[PDB]
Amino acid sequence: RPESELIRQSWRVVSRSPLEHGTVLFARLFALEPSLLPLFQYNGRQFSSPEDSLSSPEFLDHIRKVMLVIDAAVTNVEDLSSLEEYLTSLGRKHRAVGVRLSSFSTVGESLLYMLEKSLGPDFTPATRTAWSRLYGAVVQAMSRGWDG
């Protein structure tokens, strides 16, 4: 595909500082959907404000976990069927923590935001379209974890 190379090339810049970049992604996510904040319950406590999440080692570790799953989809961009079972179970896990499948749409917008902001003029509409398709295929696999 041309799209596989566009994904690989765009990811390279972002993937070298995944926490910095994932921090943009989550900052955007909470600005768009503040109701996601309480779902991160570590030692049974709720973050009051988005800035609270950024001082939590566990929350920051979760950002790294996200960027690593994205990294695995990039590695497997030419066939995501090989991550499908892992992703379905990732979905079931998120269902169990309280995340609504519809919130993954906001996550997708946040990812695209973070890419746009990091790549600037290099985030061509083909690059946008490629990532939208890759993320959509990830979410399709994850959705199996909600049943349907």
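Note that residue numbering begins at 1 and tracks the sequence as displayed.
The PDB entry records a higher mean C-alpha B factor for 37-45 than for its counterpart among 37-45 and 64-72. Comparing 16-24 with 128-136, the higher mean C-alpha B-factor in the PDB entry belongs to 128-136. Of all the options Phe59, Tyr113, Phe104, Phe123, the entry's greatest CA B-factor is assigned to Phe123.
Ranking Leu87, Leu29, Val97, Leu54 by Cα temperature factor from the entry places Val97 first.
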